[PDB]
Amino acid sequence: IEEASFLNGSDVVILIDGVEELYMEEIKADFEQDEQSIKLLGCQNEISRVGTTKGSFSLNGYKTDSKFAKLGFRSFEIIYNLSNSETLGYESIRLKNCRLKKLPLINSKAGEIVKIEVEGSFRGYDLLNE
Amino acid sequence: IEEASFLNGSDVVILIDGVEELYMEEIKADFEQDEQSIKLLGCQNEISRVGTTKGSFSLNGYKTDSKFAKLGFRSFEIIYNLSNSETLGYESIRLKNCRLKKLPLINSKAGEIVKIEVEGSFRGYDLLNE
Amino acid sequence: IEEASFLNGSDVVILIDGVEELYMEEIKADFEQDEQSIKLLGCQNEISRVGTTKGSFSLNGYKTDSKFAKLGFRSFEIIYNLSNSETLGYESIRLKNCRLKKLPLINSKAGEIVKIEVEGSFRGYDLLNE
Amino acid sequence: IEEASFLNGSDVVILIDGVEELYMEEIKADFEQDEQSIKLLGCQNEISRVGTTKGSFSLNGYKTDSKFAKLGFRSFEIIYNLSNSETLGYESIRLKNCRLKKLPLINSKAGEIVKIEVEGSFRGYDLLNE
Amino acid sequence: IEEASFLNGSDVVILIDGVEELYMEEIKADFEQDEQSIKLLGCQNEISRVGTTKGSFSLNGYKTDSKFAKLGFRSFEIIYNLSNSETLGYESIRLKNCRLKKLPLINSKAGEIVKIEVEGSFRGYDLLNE
Amino acid sequence: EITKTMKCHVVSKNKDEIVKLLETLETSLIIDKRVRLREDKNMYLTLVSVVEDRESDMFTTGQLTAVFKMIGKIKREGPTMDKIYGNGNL
Amino acid sequence: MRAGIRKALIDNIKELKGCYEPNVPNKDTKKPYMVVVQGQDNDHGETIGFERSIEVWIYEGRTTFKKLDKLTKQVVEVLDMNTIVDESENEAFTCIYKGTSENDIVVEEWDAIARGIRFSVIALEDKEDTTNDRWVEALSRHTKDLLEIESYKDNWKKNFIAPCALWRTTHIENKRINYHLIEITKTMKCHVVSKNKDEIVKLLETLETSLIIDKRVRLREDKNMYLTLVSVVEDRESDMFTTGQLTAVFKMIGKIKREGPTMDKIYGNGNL
């Protein structure tokens with residue numbers, strides 16, 4: 001029964017602004033595009049076009065320093081190396097010009113671990129590997 | 001008590017752009033219309049008409065490669081073979097000119113398998129078989 | 001402690017377009033109205049009116065064929081016979097000019113039965129029996 | 001520890017249009033009022049007034065007949081007697097000119113009891129007894 | 001390890017309209033403000049001001065009489081004595097010119113206690129004690 | 001509402017006969033989902049769930065477990081408003 | 001209790017030649033005769049109290065065991081849950097049939113065949129039949145009025161008259177739902193003993209129906225406080241004596257009874 005493999009999400013290595021980030025727990029990033037649906041004057045099915053794109057991302061993790069609060073709304077890059085180990089074909093993605101949507105100064109409940117949450121937007125991406 | 005049969009959802013075979021897709025586990029697709037409700041004087045009940053159609057679809061599965069991120073917003077076909085085993089009458093549907101709403105570049109949590117989610121819109125469909 | 005009875009929901013027999021439907025699990029149908037709330041110039045109590053009626057309905061069940069996908073948006077009748085067994089007074093309702101809102105072309109998760117969901121709108125009804 | 005008594009909700013007797021209703025489970029009814037918030041030109045705190053009222057009500061129960069489907073959008077009264085067995089001081093309320101918002105023609109799942117849900121609006125109420 | 005104390009919520013004593021209320025379970029109240037955020041023409045962070053205030057309150061409890069339905073939308077006062085037992089420093093608050101948003105005429109379910117819910121708005125307050 | 005969990009035994013020397021009898025009993029209960037309470041009718045027993053545990057003891061426990069429920073109405077037969085009168089003033 | 005059992009056996013059984021204490025009868029005794037051996041007294045919980053064990057050993061002249069079978073049936077019929085009055089102690093009791101000795105023994109030296117029937121008696125130490133649980137008193141009164149059988153409140157009594165029904169309380173929960181209100185919830189189990197099992201079914205059925213339809217019970221005859229039913233459930237398999245069939249959960253809300261002093265006289269004075 002020939003082999004398959006699932007990419008466990010604990011293989012992710014996130015580099016925020018050139019320095020490796022090692023307390024993150026999950027990362028999300030999508031490349032939205034406005035659909036710009038057009039209803040032609042004679043045809044009875046809608047048509048879509050690519051429109052204009054707009055990146056968005058988000059991260060959660062454990063707080064270990066004031067990296068993000070000190071980062072402000074500066075533009076910064078994010079790399080994302082999802083290594084596969086059954087076969088060594090890591091999938092590497094770069095995000096260009098990421099910008100925090102909201103600076104998470106404080107988020108802390110009394111009896112639990114202090115997790116940091118981040119969300120923002122990135123102008124474009126570069127699929128470095130696959 | 002003559003035989004009956006339910007179509008188990010693990011018989012799906014999804015072909016995205018002419019190459020079979022192995023890791024998808026859930027697929028949705030609908031062909032929306034616009035209701036176009038109209039009031040008429042002297043007729044209390046509203047009346048509906050077809051309006052203009054609009055396709056939409058969604059997919060979920062395990063990440064095995066960067067096929068979707070590489071695909072971009074290009075137009076691409078989807079074919080969906082739902083085979084039946086008690087009787088061999090597979091129901092085959094083809095989706096025409098599918099187009100991703102957003103590229104799922106990164107979606108990964110530390111402890112879980114890296115799943116991919118996709119959704120978009122398709123101009124029309126061809127019910128190949130039933 | 002004289003008798004009473006509940007109409008168990010597994011007594012329904014749903015005829016879609018004159019051919020009996022065997023695999024339906026749930027059916028809903030309502031006859032809305034726009035209220036047309038009127039605030040008179042002297043009276044503090046708001047007053048309602050019938051306004052225009054607007055039917056709506058929904059169905060759930062197991063997928064056995066491509067009946068609904070092939071049906072398209074064509075008008076079709078639905079008849080619904082809710083039989084009572086303690087006493088034989090079946091409640092029969094007919095729906096006129098039903099029209100699917102969206103064709104459920106594909107909806108199928110990997111490890112589960114392939115259920116079909118349908119919703120639409122109907123212009124009027126006939127309470128055939130009661 | 002002198003006696004006290006809640007009002008158990010199974011003491012309700014609902015008379016819909018002068019004929020007693022046996023199968024209702026829950027009944028709800030409120031008497032709204034548009035707040036009409038007024039921000040005076042010199043005073044900092046807002047001021048509100050009674051505005052115009054509007055009744056709304058809801059019912060749930062087991063389907064025993066097609067009374068509500070027959071009733072249509074007609075105007076009808078509801079009387080609601082909530083007896084206190086431990087003191088005999090029943091609180092009786094009468095709703096005037098109730099009007100169904102929607103006819104619950106069909107609402108039936110396969111494996112369960114066929115319940116009926118009703119909601120609407122009533123022009124005014126009479127507190128018959130308290 | 002010197003003593004501390006939490007104010008248990010069963011020490012509440014609610015007096016509505018000058019008569020003590022025995023069956024209330026939960027009471028909520030708060031004094032809103034319209035923020036009136038103004039974006040200055042040269043400075044790069046938003047500035048907020050007090051704006052106009054508005055009160056809102058809510059009550060939950062067991063139905064013991066038709067007090068609230070009798071009360072209507074007439075104005076009335078609420079007083080709230082949250083006593084403390086480790087030290088006797090009760091925190092007393094009075095709400096001025098309360099007004100029900102809706103008469104809870106009927107709220108009953110078949111096999112449950114007949115609870116009453118009330119919400120409204122109060123023009124102002126006055127912190128009698130602390 | 002009166003709910004009863006009624007368990008059923010099927011004893012026989014031949015075990016395959018026990019299997020056949022339990023199978024047909026389950027099928028009959030499922031198909032005809034309710035049972036006439038009396039030959040007079042006027043009452044019924046709606047099935048809720050029928051389950052067989054074949055391992056269970058033939059005598060002590062019993063194999064088939066069935067849950068039935070039945071709804072009854074209070075039989076209030078109070079007096080009647082046979083005669084109504086009223087008078088007037090100003 | 002030896003005197004009561006002996007007197008009952010002699011009076012009701014006529015084939016009996018005598019009923020003796022354990023090591024009384026000599027070899028000149030005329031068979032069949034019976035022997036009343038008294039066993040342990042063991043504590044069996046709150047509902048049963050101390051339970052005594054009795055054995056009525058039958059003896060017969062080794063003609064054939066069928067005579068002994070007939071005599072055993074006679075003894076079981078005579079003593080099984082029939083209230084017996086012991087005139088010596090002037091205290092009654094009610095033996096419960098429990099089984100039979102290990103095997104049917106033959107004793108060659110005595111030239112006899114013996115079998116030991118096994119009885120028991122319930123709640124030896126209980127001598128009041130009263131309860132400070134007002135809820136139990138109220139429900140026992142209600143059951144007696146509805147059902148026309150005895151009701152024994154807190155725990156079994158040794159001279160219970162079948163058919164009957166106990167109304168012990170098995171669990172109590174108190175809550176302060178408000179500043180002024182307190183909730184008291186009791187899970188009260190009910191037994192229904194009777195020789196005829198179909199009578200047990202009928203009594204439990206009518207008791208459940210009455211509890212549902214009349215969903216609340218007068219705590220006292222002042223009508224002030226009622227108990228209000230929450231859920232009544234019958235487990236017919238459960239033991240008739242130790243556990244009890246019917247389980248009913250009752251609740252009741254009470255108000256804190258603070259009658260403080262009154263502002264009879266008020267005064268106020270003015271300044272500027």
# chains A, B, ... in the order shown; residues from 1 in each chain; ligands from 1
>>> select_by_dssp(residues="chain F", states="alpha helix (DSSP H)", output="list in words")
residues 15, 16, 17, 18, 19, 20, 21, 22, 23, 24, 25, 26, 27, 28, 29, 30 and 31 of chain F
>>> residues_around(residues="residue 40 (chain B)", least_positions_apart="5", cutoff="12 Å", atoms="only C-alpha atoms", output="PyMOL selection string")
(chain B and resi 45-48) or (chain C and resi 51-53)
>>> write_last_selection(atoms="N, CA, C and O atoms", output="mmCIF file, in the first residue's frame")
data_model
loop_
_atom_site.group_PDB
_atom_site.id
_atom_site.type_symbol
_atom_site.label_atom_id
_atom_site.label_comp_id
_atom_site.auth_asym_id
_atom_site.auth_seq_id
_atom_site.Cartn_x
_atom_site.Cartn_y
_atom_site.Cartn_z
ATOM 1 N N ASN B 45 -49.751 37.873 -3.980
ATOM 2 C CA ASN B 45 -48.572 37.027 -3.855
ATOM 3 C C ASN B 45 -47.454 37.561 -4.739
ATOM 4 O O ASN B 45 -47.690 37.953 -5.884
ATOM 5 N N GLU B 46 -46.240 37.585 -4.204
ATOM 6 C CA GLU B 46 -45.099 37.971 -5.011
ATOM 7 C C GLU B 46 -44.868 36.948 -6.112
ATOM 8 O O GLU B 46 -45.377 35.826 -6.073
ATOM 9 N N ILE B 47 -44.092 37.356 -7.109
ATOM 10 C CA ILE B 47 -43.710 36.507 -8.226
ATOM 11 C C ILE B 47 -42.195 36.532 -8.333
ATOM 12 O O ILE B 47 -41.569 37.578 -8.137
ATOM 13 N N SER B 48 -41.612 35.373 -8.621
ATOM 14 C CA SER B 48 -40.175 35.215 -8.775
ATOM 15 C C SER B 48 -39.842 34.888 -10.221
ATOM 16 O O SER B 48 -40.659 34.321 -10.950
ATOM 17 N N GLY C 51 -50.245 42.931 3.487
ATOM 18 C CA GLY C 51 -49.157 43.099 2.540
ATOM 19 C C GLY C 51 -49.155 41.978 1.520
ATOM 20 O O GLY C 51 -50.192 41.376 1.223
ATOM 21 N N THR C 52 -47.973 41.680 0.986
ATOM 22 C CA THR C 52 -47.805 40.695 -0.074
ATOM 23 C C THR C 52 -47.161 39.437 0.489
ATOM 24 O O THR C 52 -46.173 39.508 1.225
ATOM 25 N N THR C 53 -47.730 38.288 0.144
ATOM 26 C CA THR C 53 -47.258 37.006 0.641
ATOM 27 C C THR C 53 -46.116 36.493 -0.222
ATOM 28 O O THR C 53 -45.978 36.868 -1.387
#
>>> interface_residues(of="chain C", to="chain D", cutoff="7 Å", atoms="only C-alpha atoms", output="list in words")
residues 6, 7, 8, 9, 10, 25, 26, 27, 28, 29, 30, 31, 32, 33, 44, 45, 46, 47, 50 and 130 of chain C
>>> interface_residues(of="chain F", to="chain G", cutoff="10 Å", atoms="only C-alpha atoms", output="JSON, numbers by chain")
{"F": [1, 2, 3, 4, 5, 74]}
>>> calpha_fit_rmsd(fixed="chain A", moving="chain B")
0.3 Å
>>> closest_atom_pairs(of="chain G", to="chain E", cutoff="7 Å", atoms="only C-alpha atoms", output="tab-separated table")
residue	atom	partner	partner_atom	distance
G:178	CA	E:10	CA	5.3
G:179	CA	E:10	CA	4.9
G:180	CA	E:22	CA	6.2
>>> residues_around(residues="residue 230 (chain G)", least_positions_apart="6", cutoff="8 Å", atoms="only C-alpha atoms", output="list in words")
residues 248, 249, 250 and 251 of chain G
>>> atom_distance(atom1="CA of residue 58 (chain G)", atom2="CA of residue 83 (chain G)")
21.0 Å
>>> interface_residues(of="chain F", to="chain B", cutoff="12 Å", atoms="only C-alpha atoms", output="list in words")
residues 24, 27, 28, 30 and 31 of chain F
>>> atom_distance(atom1="CA of residue 77 (chain B)", atom2="CA of residue 95 (chain B)")
5.7 Å
>>> residues_around(residues="region 12-16 of chain G", least_positions_apart="3", cutoff="12 Å", atoms="only C-alpha atoms", output="ChimeraX atom specification")
/G:5-9,19-20,29-35,58-61,67-68,70-79,82,84
>>> write_last_selection(atoms="N, CA and C atoms", output="mmCIF file, in the first residue's frame")
data_model
loop_
_atom_site.group_PDB
_atom_site.id
_atom_site.type_symbol
_atom_site.label_atom_id
_atom_site.label_comp_id
_atom_site.auth_asym_id
_atom_site.auth_seq_id
_atom_site.Cartn_x
_atom_site.Cartn_y
_atom_site.Cartn_z
ATOM 1 N N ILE G 5 -43.284 -17.935 65.859
ATOM 2 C CA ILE G 5 -43.157 -18.821 64.708
ATOM 3 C C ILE G 5 -43.660 -20.213 65.054
ATOM 4 N N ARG G 6 -43.306 -20.713 66.239
ATOM 5 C CA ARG G 6 -43.764 -22.035 66.647
ATOM 6 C C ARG G 6 -45.282 -22.080 66.732
ATOM 7 N N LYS G 7 -45.883 -21.059 67.342
ATOM 8 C CA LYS G 7 -47.329 -21.038 67.485
ATOM 9 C C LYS G 7 -48.005 -20.980 66.127
ATOM 10 N N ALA G 8 -47.483 -20.155 65.218
ATOM 11 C CA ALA G 8 -48.076 -20.054 63.890
ATOM 12 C C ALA G 8 -47.985 -21.380 63.151
ATOM 13 N N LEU G 9 -46.818 -22.025 63.202
ATOM 14 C CA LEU G 9 -46.645 -23.281 62.485
ATOM 15 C C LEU G 9 -47.553 -24.364 63.044
ATOM 16 N N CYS G 19 -43.245 -28.505 67.168
ATOM 17 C CA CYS G 19 -42.219 -27.558 66.750
ATOM 18 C C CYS G 19 -41.366 -27.243 67.964
ATOM 19 N N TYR G 20 -40.073 -27.538 67.875
ATOM 20 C CA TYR G 20 -39.175 -27.523 69.018
ATOM 21 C C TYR G 20 -38.051 -26.519 68.813
ATOM 22 N N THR G 29 -39.278 -38.674 69.680
ATOM 23 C CA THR G 29 -40.199 -37.692 69.128
ATOM 24 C C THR G 29 -40.921 -38.253 67.912
ATOM 25 N N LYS G 30 -42.169 -37.832 67.735
ATOM 26 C CA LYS G 30 -42.969 -38.274 66.606
ATOM 27 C C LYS G 30 -42.801 -37.319 65.437
ATOM 28 N N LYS G 31 -42.394 -37.851 64.324
ATOM 29 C CA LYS G 31 -42.198 -37.082 63.110
ATOM 30 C C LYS G 31 -43.505 -36.975 62.333
ATOM 31 N N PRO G 32 -43.696 -35.940 61.503
ATOM 32 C CA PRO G 32 -42.806 -34.812 61.211
ATOM 33 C C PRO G 32 -42.846 -33.756 62.293
ATOM 34 N N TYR G 33 -41.705 -33.154 62.603
ATOM 35 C CA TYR G 33 -41.621 -32.040 63.529
ATOM 36 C C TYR G 33 -40.677 -31.010 62.939
ATOM 37 N N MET G 34 -40.673 -29.823 63.537
ATOM 38 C CA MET G 34 -39.948 -28.684 63.001
ATOM 39 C C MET G 34 -39.084 -28.069 64.083
ATOM 40 N N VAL G 35 -38.036 -27.387 63.644
ATOM 41 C CA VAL G 35 -37.033 -26.820 64.531
ATOM 42 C C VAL G 35 -36.732 -25.405 64.068
ATOM 43 N N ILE G 58 -37.375 -28.610 58.775
ATOM 44 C CA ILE G 58 -38.416 -29.627 58.783
ATOM 45 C C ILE G 58 -37.735 -30.975 58.900
ATOM 46 N N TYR G 59 -38.396 -31.911 59.575
ATOM 47 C CA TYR G 59 -37.925 -33.281 59.683
ATOM 48 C C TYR G 59 -39.087 -34.216 59.401
ATOM 49 N N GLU G 60 -38.779 -35.360 58.799
ATOM 50 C CA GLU G 60 -39.805 -36.284 58.344
ATOM 51 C C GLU G 60 -39.260 -37.700 58.456
ATOM 52 N N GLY G 61 -40.168 -38.670 58.481
ATOM 53 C CA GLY G 61 -39.820 -40.025 58.862
ATOM 54 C C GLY G 61 -39.164 -40.895 57.809
ATOM 55 N N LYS G 67 -43.398 -36.035 50.778
ATOM 56 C CA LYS G 67 -44.015 -35.526 51.995
ATOM 57 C C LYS G 67 -43.306 -34.270 52.470
ATOM 58 N N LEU G 68 -41.979 -34.272 52.406
ATOM 59 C CA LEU G 68 -41.221 -33.108 52.833
ATOM 60 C C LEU G 68 -41.425 -31.931 51.889
ATOM 61 N N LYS G 70 -44.233 -31.287 50.238
ATOM 62 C CA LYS G 70 -45.541 -30.754 50.602
ATOM 63 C C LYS G 70 -45.459 -29.947 51.888
ATOM 64 N N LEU G 71 -44.734 -30.460 52.878
ATOM 65 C CA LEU G 71 -44.621 -29.745 54.141
ATOM 66 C C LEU G 71 -43.868 -28.433 53.973
ATOM 67 N N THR G 72 -42.847 -28.409 53.118
ATOM 68 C CA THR G 72 -42.119 -27.171 52.874
ATOM 69 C C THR G 72 -43.013 -26.132 52.216
ATOM 70 N N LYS G 73 -43.817 -26.550 51.238
ATOM 71 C CA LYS G 73 -44.755 -25.614 50.630
ATOM 72 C C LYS G 73 -45.728 -25.079 51.669
ATOM 73 N N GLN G 74 -46.198 -25.947 52.566
ATOM 74 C CA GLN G 74 -47.108 -25.496 53.613
ATOM 75 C C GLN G 74 -46.450 -24.462 54.517
ATOM 76 N N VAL G 75 -45.206 -24.706 54.929
ATOM 77 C CA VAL G 75 -44.523 -23.763 55.813
ATOM 78 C C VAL G 75 -44.325 -22.426 55.116
ATOM 79 N N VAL G 76 -43.877 -22.459 53.860
ATOM 80 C CA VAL G 76 -43.624 -21.218 53.137
ATOM 81 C C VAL G 76 -44.914 -20.431 52.988
ATOM 82 N N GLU G 77 -46.015 -21.115 52.678
ATOM 83 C CA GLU G 77 -47.295 -20.425 52.583
ATOM 84 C C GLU G 77 -47.695 -19.826 53.923
ATOM 85 N N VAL G 78 -47.436 -20.543 55.016
ATOM 86 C CA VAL G 78 -47.897 -20.080 56.320
ATOM 87 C C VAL G 78 -47.125 -18.844 56.763
ATOM 88 N N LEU G 79 -45.815 -18.807 56.513
ATOM 89 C CA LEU G 79 -44.959 -17.787 57.112
ATOM 90 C C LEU G 79 -44.556 -16.661 56.168
ATOM 91 N N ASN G 82 -46.627 -13.078 56.108
ATOM 92 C CA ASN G 82 -47.835 -13.026 56.918
ATOM 93 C C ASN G 82 -47.446 -12.544 58.306
ATOM 94 N N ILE G 84 -47.027 -12.007 62.040
ATOM 95 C CA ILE G 84 -47.108 -12.932 63.161
ATOM 96 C C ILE G 84 -47.014 -12.119 64.439
#
